[PDB]
>>> print(open('protein27.csv').read())   # CSV, N, CA and C atoms and all ligand atoms
chain,number,residue,atom,x,y,z
E,1,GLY,N,-11.5,-1.6,-8.1
E,1,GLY,CA,-12.4,-2.8,-7.9
E,1,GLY,C,-13.8,-2.4,-7.4
E,2,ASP,N,-14.7,-3.3,-7.2
E,2,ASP,CA,-16.0,-3.1,-6.7
E,2,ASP,C,-16.0,-3.1,-5.2
E,3,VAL,N,-16.1,-1.9,-4.5
E,3,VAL,CA,-16.0,-1.8,-3.1
E,3,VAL,C,-17.1,-2.6,-2.4
E,4,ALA,N,-18.3,-2.6,-2.9
E,4,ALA,CA,-19.4,-3.3,-2.2
E,4,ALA,C,-19.2,-4.8,-2.2
E,5,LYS,N,-18.7,-5.3,-3.3
E,5,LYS,CA,-18.4,-6.8,-3.4
E,5,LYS,C,-17.2,-7.1,-2.5
E,6,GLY,N,-16.2,-6.2,-2.5
E,6,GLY,CA,-15.0,-6.4,-1.6
E,6,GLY,C,-15.4,-6.4,-0.1
E,7,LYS,N,-16.4,-5.6,0.3
E,7,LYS,CA,-16.8,-5.6,1.6
E,7,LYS,C,-17.4,-6.9,2.1
E,8,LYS,N,-18.3,-7.5,1.2
E,8,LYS,CA,-18.9,-8.8,1.6
E,8,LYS,C,-17.8,-9.9,1.6
E,9,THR,N,-16.8,-9.8,0.8
E,9,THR,CA,-15.7,-10.7,0.8
E,9,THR,C,-14.9,-10.6,2.1
E,10,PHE,N,-14.7,-9.3,2.6
E,10,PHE,CA,-14.0,-9.1,3.8
E,10,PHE,C,-14.8,-9.6,5.0
E,11,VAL,N,-16.0,-9.4,5.0
E,11,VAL,CA,-16.9,-9.8,6.1
E,11,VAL,C,-16.9,-11.4,6.2
E,12,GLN,N,-16.9,-12.0,5.0
E,12,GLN,CA,-17.0,-13.5,5.0
E,12,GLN,C,-15.6,-14.1,5.3
E,13,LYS,N,-14.5,-13.6,4.8
E,13,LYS,CA,-13.2,-14.2,4.9
E,13,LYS,C,-12.1,-13.6,5.8
E,14,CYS,N,-12.4,-12.3,6.2
E,14,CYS,CA,-11.3,-11.6,7.0
E,14,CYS,C,-11.8,-11.0,8.3
E,15,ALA,N,-13.1,-10.7,8.4
E,15,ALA,CA,-13.6,-10.1,9.6
E,15,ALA,C,-13.4,-10.8,10.9
E,16,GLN,N,-13.3,-12.2,10.8
E,16,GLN,CA,-13.1,-13.0,12.0
E,16,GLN,C,-11.8,-12.7,12.7
E,17,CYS,N,-10.8,-12.2,11.9
E,17,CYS,CA,-9.5,-11.9,12.5
E,17,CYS,C,-9.1,-10.4,12.3
E,18,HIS,N,-9.9,-9.6,11.7
E,18,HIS,CA,-9.5,-8.2,11.5
E,18,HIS,C,-10.6,-7.2,11.6
E,19,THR,N,-10.2,-6.0,12.0
E,19,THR,CA,-11.1,-4.8,12.0
E,19,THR,C,-10.4,-3.8,11.1
E,20,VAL,N,-11.2,-2.8,10.6
E,20,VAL,CA,-10.6,-1.8,9.7
E,20,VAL,C,-10.7,-0.4,10.1
E,21,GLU,N,-11.7,-0.2,11.0
E,21,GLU,CA,-12.0,1.2,11.5
E,21,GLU,C,-10.9,1.8,12.3
E,22,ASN,N,-10.9,3.2,12.3
E,22,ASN,CA,-9.9,3.9,13.1
E,22,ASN,C,-10.2,3.7,14.6
E,23,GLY,N,-9.1,3.2,15.3
E,23,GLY,CA,-9.2,2.9,16.7
E,23,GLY,C,-9.7,1.5,16.9
E,24,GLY,N,-9.8,0.7,15.8
E,24,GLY,CA,-10.3,-0.6,15.9
E,24,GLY,C,-9.5,-1.6,16.7
E,25,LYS,N,-10.1,-2.6,17.3
E,25,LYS,CA,-9.4,-3.5,18.1
E,25,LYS,C,-8.7,-4.6,17.3
E,26,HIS,N,-7.6,-5.1,17.9
E,26,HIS,CA,-6.8,-6.2,17.3
E,26,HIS,C,-7.5,-7.4,17.7
E,27,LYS,N,-7.8,-8.3,16.8
E,27,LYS,CA,-8.5,-9.6,17.1
E,27,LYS,C,-7.3,-10.6,16.9
E,28,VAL,N,-7.6,-11.7,16.2
E,28,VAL,CA,-6.5,-12.6,16.0
E,28,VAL,C,-5.4,-11.9,15.2
E,29,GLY,N,-5.8,-11.1,14.2
E,29,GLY,CA,-4.9,-10.3,13.4
E,29,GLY,C,-5.0,-8.8,13.8
E,30,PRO,N,-4.1,-8.0,13.3
E,30,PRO,CA,-4.1,-6.5,13.6
E,30,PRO,C,-5.2,-5.7,12.9
E,31,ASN,N,-5.5,-4.6,13.6
E,31,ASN,CA,-6.5,-3.7,13.0
E,31,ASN,C,-5.8,-3.2,11.8
E,32,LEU,N,-6.6,-3.0,10.7
E,32,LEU,CA,-6.0,-2.5,9.4
E,32,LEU,C,-6.0,-1.1,9.0
E,33,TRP,N,-6.4,-0.2,9.9
E,33,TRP,CA,-6.5,1.2,9.6
E,33,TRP,C,-5.1,1.8,9.3
E,34,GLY,N,-5.0,2.5,8.2
E,34,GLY,CA,-3.8,3.1,7.7
E,34,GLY,C,-2.8,2.2,7.0
E,35,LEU,N,-3.2,1.0,6.6
E,35,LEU,CA,-2.4,0.0,5.9
E,35,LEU,C,-1.7,0.5,4.7
E,36,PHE,N,-2.4,1.2,3.8
E,36,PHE,CA,-1.8,1.6,2.5
E,36,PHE,C,-0.8,2.7,2.7
E,37,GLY,N,0.3,2.5,2.0
E,37,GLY,CA,1.5,3.4,2.1
E,37,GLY,C,2.4,3.2,3.3
E,38,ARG,N,2.0,2.2,4.1
E,38,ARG,CA,2.8,1.9,5.3
E,38,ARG,C,3.6,0.6,5.1
E,39,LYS,N,4.7,0.5,5.7
E,39,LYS,CA,5.5,-0.8,5.6
E,39,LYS,C,4.8,-1.9,6.4
E,40,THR,N,5.2,-3.1,6.2
E,40,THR,CA,4.6,-4.3,6.9
E,40,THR,C,4.9,-4.2,8.4
E,41,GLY,N,3.9,-4.7,9.1
E,41,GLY,CA,3.9,-4.8,10.6
E,41,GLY,C,4.1,-3.5,11.3
E,42,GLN,N,3.3,-2.6,11.0
E,42,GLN,CA,3.4,-1.3,11.7
E,42,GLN,C,2.1,-0.9,12.4
E,43,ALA,N,1.2,-1.8,12.6
E,43,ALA,CA,-0.1,-1.4,13.3
E,43,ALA,C,0.4,-1.2,14.8
E,44,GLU,N,-0.1,-0.1,15.4
E,44,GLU,CA,0.3,0.2,16.8
E,44,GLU,C,-0.2,-0.8,17.8
E,45,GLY,N,0.7,-1.3,18.6
E,45,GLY,CA,0.3,-2.2,19.7
E,45,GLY,C,0.1,-3.6,19.3
E,46,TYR,N,0.3,-4.0,18.1
E,46,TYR,CA,0.1,-5.4,17.7
E,46,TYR,C,1.4,-6.2,17.7
E,47,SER,N,1.4,-7.4,18.2
E,47,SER,CA,2.6,-8.2,18.3
E,47,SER,C,2.7,-9.1,17.1
E,48,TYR,N,3.4,-8.6,16.1
E,48,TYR,CA,3.6,-9.3,14.8
E,48,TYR,C,4.7,-10.4,15.0
E,49,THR,N,4.8,-11.3,14.0
E,49,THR,CA,5.9,-12.3,14.0
E,49,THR,C,7.1,-11.5,13.4
E,50,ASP,N,8.3,-12.0,13.6
E,50,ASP,CA,9.5,-11.3,13.1
E,50,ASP,C,9.4,-11.2,11.6
E,51,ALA,N,8.8,-12.3,11.0
E,51,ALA,CA,8.6,-12.3,9.5
E,51,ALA,C,7.8,-11.2,9.0
E,52,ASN,N,6.6,-11.0,9.5
E,52,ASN,CA,5.7,-9.9,9.1
E,52,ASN,C,6.5,-8.5,9.3
E,53,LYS,N,7.2,-8.4,10.4
E,53,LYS,CA,7.9,-7.1,10.7
E,53,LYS,C,9.1,-6.9,9.7
E,54,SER,N,9.7,-8.0,9.4
E,54,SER,CA,10.9,-7.9,8.6
E,54,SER,C,10.7,-7.9,7.0
E,55,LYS,N,9.5,-8.2,6.5
E,55,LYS,CA,9.3,-8.3,5.1
E,55,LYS,C,9.9,-7.0,4.4
E,56,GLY,N,9.6,-5.8,5.1
E,56,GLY,CA,10.2,-4.6,4.6
E,56,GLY,C,9.6,-3.8,3.4
E,57,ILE,N,8.5,-4.4,2.9
E,57,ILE,CA,7.8,-3.8,1.7
E,57,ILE,C,6.7,-2.8,2.2
E,58,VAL,N,6.3,-2.0,1.2
E,58,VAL,CA,5.2,-1.0,1.5
E,58,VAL,C,3.9,-1.6,1.0
E,59,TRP,N,2.9,-1.6,1.8
E,59,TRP,CA,1.6,-2.1,1.4
E,59,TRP,C,0.9,-1.1,0.4
E,60,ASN,N,0.5,-1.6,-0.7
E,60,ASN,CA,-0.2,-0.9,-1.7
E,60,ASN,C,-1.0,-1.9,-2.6
E,61,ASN,N,-1.5,-1.4,-3.7
E,61,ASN,CA,-2.3,-2.3,-4.6
E,61,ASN,C,-1.5,-3.5,-5.1
E,62,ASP,N,-0.3,-3.3,-5.6
E,62,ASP,CA,0.5,-4.3,-6.1
E,62,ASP,C,1.0,-5.4,-5.1
E,63,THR,N,1.4,-4.9,-3.9
E,63,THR,CA,1.9,-5.8,-2.9
E,63,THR,C,0.8,-6.6,-2.2
E,64,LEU,N,-0.3,-5.9,-2.0
E,64,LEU,CA,-1.5,-6.5,-1.4
E,64,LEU,C,-2.1,-7.6,-2.3
E,65,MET,N,-2.1,-7.3,-3.6
E,65,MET,CA,-2.7,-8.2,-4.6
E,65,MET,C,-1.9,-9.5,-4.6
E,66,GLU,N,-0.6,-9.4,-4.5
E,66,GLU,CA,0.3,-10.6,-4.5
E,66,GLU,C,0.2,-11.3,-3.1
E,67,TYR,N,0.3,-10.6,-2.0
E,67,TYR,CA,0.2,-11.2,-0.7
E,67,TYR,C,-1.1,-12.0,-0.5
E,68,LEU,N,-2.2,-11.4,-0.8
E,68,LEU,CA,-3.5,-12.0,-0.6
E,68,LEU,C,-3.8,-13.2,-1.4
E,69,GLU,N,-3.0,-13.4,-2.5
E,69,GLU,CA,-3.2,-14.6,-3.3
E,69,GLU,C,-2.6,-15.9,-2.6
E,70,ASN,N,-1.6,-15.7,-1.8
E,70,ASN,CA,-0.9,-16.7,-1.0
E,70,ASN,C,-0.1,-16.1,0.1
E,71,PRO,N,-0.7,-15.8,1.2
E,71,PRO,CA,0.0,-15.1,2.4
E,71,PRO,C,1.3,-15.7,2.8
E,72,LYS,N,1.3,-17.1,3.0
E,72,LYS,CA,2.6,-17.7,3.5
E,72,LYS,C,3.7,-17.7,2.5
E,73,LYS,N,3.4,-17.7,1.2
E,73,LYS,CA,4.4,-17.6,0.1
E,73,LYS,C,5.1,-16.3,0.2
E,74,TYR,N,4.3,-15.2,0.3
E,74,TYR,CA,4.8,-13.9,0.3
E,74,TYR,C,5.6,-13.6,1.6
E,75,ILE,N,5.0,-14.1,2.8
E,75,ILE,CA,5.6,-13.8,4.1
E,75,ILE,C,5.8,-15.2,4.8
E,76,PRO,N,6.8,-16.0,4.4
E,76,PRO,CA,7.0,-17.2,5.1
E,76,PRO,C,7.3,-17.1,6.6
E,77,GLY,N,6.6,-17.9,7.4
E,77,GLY,CA,6.7,-17.7,8.8
E,77,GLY,C,5.6,-16.9,9.4
E,78,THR,N,4.7,-16.3,8.6
E,78,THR,CA,3.6,-15.5,9.1
E,78,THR,C,2.7,-16.3,9.9
E,79,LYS,N,2.0,-15.7,10.9
E,79,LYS,CA,1.1,-16.3,11.8
E,79,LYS,C,-0.4,-16.1,11.2
E,80,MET,N,-0.5,-15.5,10.1
E,80,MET,CA,-1.8,-15.3,9.4
E,80,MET,C,-2.0,-16.6,8.7
E,81,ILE,N,-2.9,-17.4,9.3
E,81,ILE,CA,-3.2,-18.7,8.7
E,81,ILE,C,-4.5,-18.6,7.8
E,82,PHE,N,-4.2,-18.3,6.5
E,82,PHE,CA,-5.3,-18.1,5.6
E,82,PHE,C,-4.7,-18.5,4.2
E,83,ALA,N,-5.4,-19.4,3.5
E,83,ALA,CA,-4.9,-19.9,2.2
E,83,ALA,C,-4.8,-18.8,1.1
E,84,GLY,N,-5.6,-17.8,1.1
E,84,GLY,CA,-5.5,-16.7,0.1
E,84,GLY,C,-6.8,-16.7,-0.8
E,85,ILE,N,-6.9,-15.6,-1.5
E,85,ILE,CA,-8.0,-15.4,-2.4
E,85,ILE,C,-7.4,-15.7,-3.8
E,86,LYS,N,-7.8,-16.8,-4.3
E,86,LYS,CA,-7.2,-17.3,-5.6
E,86,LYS,C,-7.7,-16.5,-6.8
E,87,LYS,N,-8.9,-16.1,-6.9
E,87,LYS,CA,-9.4,-15.4,-8.1
E,87,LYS,C,-9.0,-13.9,-8.1
E,88,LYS,N,-8.4,-13.5,-9.2
E,88,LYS,CA,-7.9,-12.1,-9.3
E,88,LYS,C,-8.9,-11.1,-9.1
E,89,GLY,N,-10.1,-11.3,-9.8
E,89,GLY,CA,-11.2,-10.3,-9.7
E,89,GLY,C,-11.7,-10.1,-8.3
E,90,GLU,N,-11.8,-11.2,-7.5
E,90,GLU,CA,-12.3,-11.2,-6.2
E,90,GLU,C,-11.2,-10.4,-5.3
E,91,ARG,N,-10.0,-10.7,-5.6
E,91,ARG,CA,-8.9,-10.1,-4.8
E,91,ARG,C,-8.9,-8.6,-5.1
E,92,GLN,N,-9.1,-8.2,-6.4
E,92,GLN,CA,-9.1,-6.7,-6.7
E,92,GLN,C,-10.2,-6.0,-6.0
E,93,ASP,N,-11.4,-6.6,-6.0
E,93,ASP,CA,-12.6,-6.0,-5.3
E,93,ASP,C,-12.3,-5.8,-3.8
E,94,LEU,N,-11.6,-6.8,-3.2
E,94,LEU,CA,-11.3,-6.8,-1.8
E,94,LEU,C,-10.3,-5.6,-1.6
E,95,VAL,N,-9.3,-5.5,-2.4
E,95,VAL,CA,-8.3,-4.4,-2.3
E,95,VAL,C,-9.0,-3.1,-2.4
E,96,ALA,N,-10.0,-3.0,-3.3
E,96,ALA,CA,-10.7,-1.7,-3.4
E,96,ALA,C,-11.4,-1.4,-2.1
E,97,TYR,N,-12.0,-2.4,-1.5
E,97,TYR,CA,-12.7,-2.1,-0.2
E,97,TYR,C,-11.7,-1.8,0.9
E,98,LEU,N,-10.6,-2.5,0.9
E,98,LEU,CA,-9.6,-2.2,1.9
E,98,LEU,C,-9.1,-0.8,1.8
E,99,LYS,N,-8.8,-0.3,0.6
E,99,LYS,CA,-8.4,1.1,0.4
E,99,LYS,C,-9.4,2.1,0.9
E,100,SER,N,-10.7,1.8,0.6
E,100,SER,CA,-11.8,2.7,1.0
E,100,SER,C,-12.1,2.7,2.5
E,101,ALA,N,-12.0,1.5,3.1
E,101,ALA,CA,-12.3,1.3,4.6
E,101,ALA,C,-11.2,1.6,5.5
E,102,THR,N,-9.9,1.7,5.1
E,102,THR,CA,-8.9,1.9,6.0
E,102,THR,C,-8.3,3.3,6.0
E,103,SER,N,-9.1,4.3,5.6
E,103,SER,CA,-8.6,5.7,5.5
E,103,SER,C,-9.9,6.5,5.3
P,1,LIG,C1,-7.2,-15.3,11.0
P,1,LIG,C2,-7.5,-16.7,11.0
P,1,LIG,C3,-6.9,-14.5,9.9
P,1,LIG,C4,-7.7,-14.4,8.7
P,1,LIG,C5,-8.9,-15.2,8.3
P,1,LIG,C6,-7.1,-13.4,7.9
P,1,LIG,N1,-6.0,-12.9,8.6
P,1,LIG,FE1,-4.9,-11.2,8.0
P,1,LIG,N2,-3.6,-11.5,9.6
P,1,LIG,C7,-3.8,-12.4,10.6
P,1,LIG,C8,-2.7,-12.3,11.6
P,1,LIG,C9,-2.6,-13.1,12.8
P,1,LIG,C10,-1.8,-11.4,11.0
P,1,LIG,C11,-0.4,-11.1,11.6
P,1,LIG,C12,0.5,-12.1,10.9
P,1,LIG,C13,2.0,-12.0,11.4
P,1,LIG,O1,2.8,-12.8,10.9
P,1,LIG,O2,2.3,-11.2,12.3
P,1,LIG,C14,-2.4,-10.9,9.8
P,1,LIG,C15,-1.8,-9.9,9.0
P,1,LIG,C16,-2.4,-9.4,7.9
P,1,LIG,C17,-1.9,-8.3,7.1
P,1,LIG,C18,-0.6,-7.6,7.3
P,1,LIG,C19,-0.8,-6.4,8.2
P,1,LIG,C20,0.4,-5.6,8.4
P,1,LIG,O3,1.5,-5.9,7.9
P,1,LIG,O4,0.3,-4.6,9.2
P,1,LIG,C21,-2.9,-8.0,6.1
P,1,LIG,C22,-2.8,-7.0,5.0
P,1,LIG,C23,-4.0,-8.9,6.3
P,1,LIG,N3,-3.7,-9.7,7.4
P,1,LIG,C24,-5.1,-9.0,5.5
P,1,LIG,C25,-6.1,-9.9,5.6
P,1,LIG,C26,-7.2,-9.9,4.7
P,1,LIG,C27,-7.6,-8.8,3.7
P,1,LIG,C28,-7.9,-11.1,5.0
P,1,LIG,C29,-9.0,-11.6,4.3
P,1,LIG,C30,-8.9,-12.0,3.0
P,1,LIG,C31,-7.2,-11.7,6.1
P,1,LIG,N4,-6.1,-10.9,6.5
P,1,LIG,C32,-7.6,-12.8,6.8
P,1,LIG,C33,-4.8,-13.3,10.7
P,1,LIG,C34,-5.9,-13.6,9.8
>>> encode(input="protein27.csv", output="structure tokens")
Amino acid sequence: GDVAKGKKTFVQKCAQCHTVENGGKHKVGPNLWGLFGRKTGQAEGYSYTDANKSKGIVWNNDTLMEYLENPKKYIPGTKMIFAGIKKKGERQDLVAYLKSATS
């Protein structure tokens, strides 16, 4: 996807609850550094819901694309209160930025 477009999407819709940098602080949600290739709910020091911790899947392009379309549907009981990015293209650009900014 388009990393530059994804960044603006992140700043507009995710930044209020997330940081991406290495050593980043947990805000409402967990810092996202090292997200790709890691199982759900593994950010150090963040108190996840049992649901986010128990999902058991590995975060990558396919799982993130599905999750971000409708967070609560993918992880029922999650405390991430966000409706989701409905447009596929916008979601792909965001994933591209996420992959570039979290490693
Ligand atoms: C606050 C109002 C939030 C907004 C806006 C977004 N997210 Fe979030 N996210 C938030 C919380 C409180 C949590 C933990 C939920 C739980 O049940 O424990 C999360 C979690 C995620 C995750 C999973 C991280 C992991 O499993 O380690 C991801 C991938 C994530 N959030 C991504 C994300 C993106 C890209 C957002 C913008 C589109 C976004 N979140 C917004 C709270 C909030």
>>> closest_atom_pairs(input="protein27.csv", of="chain E", to="ligand LIG 1 (chain P)", cutoff="6 Å", atoms="all atoms listed in the file", output="JSON lines")
{"residue": "E:10", "atom": "CA", "partner": "P:LIG1", "partner_atom": "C29", "distance": 5.6}
{"residue": "E:13", "atom": "C", "partner": "P:LIG1", "partner_atom": "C29", "distance": 4.0}
{"residue": "E:14", "atom": "CA", "partner": "P:LIG1", "partner_atom": "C29", "distance": 3.5}
{"residue": "E:15", "atom": "N", "partner": "P:LIG1", "partner_atom": "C29", "distance": 5.9}
{"residue": "E:16", "atom": "C", "partner": "P:LIG1", "partner_atom": "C1", "distance": 5.6}
{"residue": "E:17", "atom": "CA", "partner": "P:LIG1", "partner_atom": "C1", "distance": 4.4}
{"residue": "E:18", "atom": "N", "partner": "P:LIG1", "partner_atom": "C34", "distance": 6.0}
{"residue": "E:28", "atom": "C", "partner": "P:LIG1", "partner_atom": "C9", "distance": 3.9}
{"residue": "E:29", "atom": "CA", "partner": "P:LIG1", "partner_atom": "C8", "distance": 3.5}
{"residue": "E:30", "atom": "N", "partner": "P:LIG1", "partner_atom": "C10", "distance": 4.7}
{"residue": "E:39", "atom": "C", "partner": "P:LIG1", "partner_atom": "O3", "distance": 5.4}
{"residue": "E:40", "atom": "CA", "partner": "P:LIG1", "partner_atom": "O3", "distance": 3.6}
{"residue": "E:41", "atom": "N", "partner": "P:LIG1", "partner_atom": "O3", "distance": 2.9}
{"residue": "E:42", "atom": "N", "partner": "P:LIG1", "partner_atom": "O4", "distance": 4.0}
{"residue": "E:43", "atom": "N", "partner": "P:LIG1", "partner_atom": "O4", "distance": 4.5}
{"residue": "E:47", "atom": "C", "partner": "P:LIG1", "partner_atom": "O2", "distance": 5.3}
{"residue": "E:48", "atom": "CA", "partner": "P:LIG1", "partner_atom": "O2", "distance": 3.4}
{"residue": "E:49", "atom": "N", "partner": "P:LIG1", "partner_atom": "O2", "distance": 3.0}
{"residue": "E:51", "atom": "C", "partner": "P:LIG1", "partner_atom": "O1", "distance": 5.6}
{"residue": "E:52", "atom": "N", "partner": "P:LIG1", "partner_atom": "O1", "distance": 4.4}
{"residue": "E:53", "atom": "N", "partner": "P:LIG1", "partner_atom": "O2", "distance": 6.0}
{"residue": "E:77", "atom": "C", "partner": "P:LIG1", "partner_atom": "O1", "distance": 5.2}
{"residue": "E:78", "atom": "CA", "partner": "P:LIG1", "partner_atom": "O1", "distance": 3.3}
{"residue": "E:79", "atom": "N", "partner": "P:LIG1", "partner_atom": "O1", "distance": 3.0}
{"residue": "E:80", "atom": "N", "partner": "P:LIG1", "partner_atom": "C12", "distance": 3.6}
{"residue": "E:81", "atom": "N", "partner": "P:LIG1", "partner_atom": "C33", "distance": 4.7}
{"residue": "E:82", "atom": "CA", "partner": "P:LIG1", "partner_atom": "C5", "distance": 5.4}
>>> residues_around(input="protein27.csv", residues="residue 103 of chain E", least_positions_apart="4", cutoff="8 Å", atoms="only C-alpha atoms", output="list in words")
residues 22, 33, 34 and 99 of chain E
>>> atom_distance(input="protein27.csv", atom1="atom CA of residue 76 of chain E", atom2="atom C of residue 26 of chain E")
21.6 Å
>>> atom_distance(input="protein27.csv", atom1="atom N of residue 63 of chain E", atom2="atom CA of residue 94 of chain E")
13.0 Å
>>> atom_distance(input="protein27.csv", atom1="atom CA of residue 54 of chain E", atom2="atom CA of residue 93 of chain E")
27.4 Å
>>> closest_residue(input="protein27.csv", among="E:25, E:88, E:96, E:32", to="residue 61 of chain E", atoms="all atoms listed in the file")
E:96
>>> select_by_dssp(input="protein27.csv", residues="chain E", states="alpha helix (DSSP H)", output="PyMOL selection string")
chain E and resi 3-13+50-54+61-69+71-74+88-101
>>> closest_residue(input="protein27.csv", among="E:7, E:83, E:98, E:75", to="residue 50 of chain E", atoms="only C-alpha atoms")
E:75
>>> closest_residue(input="protein27.csv", among="E:86, E:5, E:38, E:55", to="residue 69 of chain E", atoms="all atoms listed in the file")
E:86
>>> closest_residue(input="protein27.csv", among="E:2, E:68, E:31, E:97", to="residue 84 of chain E", atoms="all atoms listed in the file")
E:68
>>> closest_residue(input="protein27.csv", among="E:19, E:92, E:100, E:12", to="residue 66 of chain E", atoms="only C-alpha atoms")
E:92
>>> decode(input="protein27.csv", residues="segment 58-82 of chain E", atoms="N, CA and C atoms", output="PDB file, in the first residue's frame")
ATOM      1  N   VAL E  58      -1.679 -14.803  14.638  1.00  0.00           N
ATOM      2  CA  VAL E  58      -0.464 -14.038  14.392  1.00  0.00           C
ATOM      3  C   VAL E  58      -0.802 -12.817  13.537  1.00  0.00           C
ATOM      4  N   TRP E  59      -0.364 -11.641  13.977  1.00  0.00           N
ATOM      5  CA  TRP E  59      -0.618 -10.419  13.223  1.00  0.00           C
ATOM      6  C   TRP E  59       0.251 -10.346  11.966  1.00  0.00           C
ATOM      7  N   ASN E  60      -0.399 -10.122  10.832  1.00  0.00           N
ATOM      8  CA  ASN E  60       0.267  -9.980   9.544  1.00  0.00           C
ATOM      9  C   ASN E  60      -0.708  -9.265   8.618  1.00  0.00           C
ATOM     10  N   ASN E  61      -0.368  -9.182   7.339  1.00  0.00           N
ATOM     11  CA  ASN E  61      -1.219  -8.505   6.376  1.00  0.00           C
ATOM     12  C   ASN E  61      -2.647  -9.023   6.348  1.00  0.00           C
ATOM     13  N   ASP E  62      -2.811 -10.339   6.230  1.00  0.00           N
ATOM     14  CA  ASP E  62      -4.149 -10.909   6.149  1.00  0.00           C
ATOM     15  C   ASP E  62      -5.002 -10.760   7.410  1.00  0.00           C
ATOM     16  N   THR E  63      -4.404 -10.957   8.580  1.00  0.00           N
ATOM     17  CA  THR E  63      -5.173 -10.840   9.814  1.00  0.00           C
ATOM     18  C   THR E  63      -5.472  -9.387  10.179  1.00  0.00           C
ATOM     19  N   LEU E  64      -4.511  -8.496   9.943  1.00  0.00           N
ATOM     20  CA  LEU E  64      -4.706  -7.075  10.233  1.00  0.00           C
ATOM     21  C   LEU E  64      -5.759  -6.465   9.307  1.00  0.00           C
ATOM     22  N   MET E  65      -5.760  -6.881   8.042  1.00  0.00           N
ATOM     23  CA  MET E  65      -6.732  -6.363   7.085  1.00  0.00           C
ATOM     24  C   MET E  65      -8.146  -6.730   7.524  1.00  0.00           C
ATOM     25  N   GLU E  66      -8.315  -7.955   8.014  1.00  0.00           N
ATOM     26  CA  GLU E  66      -9.625  -8.410   8.471  1.00  0.00           C
ATOM     27  C   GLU E  66     -10.035  -7.723   9.774  1.00  0.00           C
ATOM     28  N   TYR E  67      -9.106  -7.677  10.722  1.00  0.00           N
ATOM     29  CA  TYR E  67      -9.331  -7.065  12.022  1.00  0.00           C
ATOM     30  C   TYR E  67      -9.747  -5.604  11.919  1.00  0.00           C
ATOM     31  N   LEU E  68      -8.961  -4.807  11.193  1.00  0.00           N
ATOM     32  CA  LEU E  68      -9.222  -3.380  11.041  1.00  0.00           C
ATOM     33  C   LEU E  68     -10.511  -3.009  10.335  1.00  0.00           C
ATOM     34  N   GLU E  69     -11.121  -3.961   9.632  1.00  0.00           N
ATOM     35  CA  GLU E  69     -12.385  -3.694   8.956  1.00  0.00           C
ATOM     36  C   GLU E  69     -13.525  -3.641   9.983  1.00  0.00           C
ATOM     37  N   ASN E  70     -13.403  -4.447  11.035  1.00  0.00           N
ATOM     38  CA  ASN E  70     -14.401  -4.516  12.103  1.00  0.00           C
ATOM     39  C   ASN E  70     -13.742  -5.186  13.318  1.00  0.00           C
ATOM     40  N   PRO E  71     -13.078  -4.381  14.160  1.00  0.00           N
ATOM     41  CA  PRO E  71     -12.382  -4.859  15.358  1.00  0.00           C
ATOM     42  C   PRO E  71     -13.168  -5.773  16.288  1.00  0.00           C
ATOM     43  N   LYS E  72     -14.367  -5.348  16.685  1.00  0.00           N
ATOM     44  CA  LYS E  72     -15.205  -6.136  17.591  1.00  0.00           C
ATOM     45  C   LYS E  72     -15.666  -7.477  17.016  1.00  0.00           C
ATOM     46  N   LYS E  73     -15.856  -7.538  15.699  1.00  0.00           N
ATOM     47  CA  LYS E  73     -16.270  -8.787  15.057  1.00  0.00           C
ATOM     48  C   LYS E  73     -15.151  -9.819  15.119  1.00  0.00           C
ATOM     49  N   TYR E  74     -13.928  -9.373  14.862  1.00  0.00           N
ATOM     50  CA  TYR E  74     -12.766 -10.249  14.885  1.00  0.00           C
ATOM     51  C   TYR E  74     -12.368 -10.632  16.313  1.00  0.00           C
ATOM     52  N   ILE E  75     -12.467  -9.677  17.233  1.00  0.00           N
ATOM     53  CA  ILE E  75     -12.112  -9.919  18.622  1.00  0.00           C
ATOM     54  C   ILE E  75     -13.250  -9.478  19.537  1.00  0.00           C
ATOM     55  N   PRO E  76     -14.320 -10.290  19.626  1.00  0.00           N
ATOM     56  CA  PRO E  76     -15.454  -9.939  20.491  1.00  0.00           C
ATOM     57  C   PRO E  76     -14.996  -9.771  21.938  1.00  0.00           C
ATOM     58  N   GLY E  77     -15.413  -8.673  22.560  1.00  0.00           N
ATOM     59  CA  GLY E  77     -15.027  -8.404  23.931  1.00  0.00           C
ATOM     60  C   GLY E  77     -13.820  -7.492  24.017  1.00  0.00           C
ATOM     61  N   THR E  78     -13.262  -7.117  22.870  1.00  0.00           N
ATOM     62  CA  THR E  78     -12.102  -6.231  22.880  1.00  0.00           C
ATOM     63  C   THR E  78     -12.463  -4.856  23.449  1.00  0.00           C
ATOM     64  N   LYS E  79     -11.502  -4.201  24.102  1.00  0.00           N
ATOM     65  CA  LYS E  79     -11.725  -2.863  24.650  1.00  0.00           C
ATOM     66  C   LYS E  79     -11.286  -1.769  23.664  1.00  0.00           C
ATOM     67  N   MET E  80     -10.936  -2.179  22.446  1.00  0.00           N
ATOM     68  CA  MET E  80     -10.585  -1.213  21.414  1.00  0.00           C
ATOM     69  C   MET E  80     -11.932  -0.801  20.847  1.00  0.00           C
ATOM     70  N   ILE E  81     -12.362   0.417  21.155  1.00  0.00           N
ATOM     71  CA  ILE E  81     -13.653   0.902  20.688  1.00  0.00           C
ATOM     72  C   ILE E  81     -13.428   1.764  19.457  1.00  0.00           C
ATOM     73  N   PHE E  82     -13.478   1.105  18.302  1.00  0.00           N
ATOM     74  CA  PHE E  82     -13.267   1.745  17.008  1.00  0.00           C
ATOM     75  C   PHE E  82     -14.058   0.938  15.990  1.00  0.00           C
TER      76      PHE E  82
END
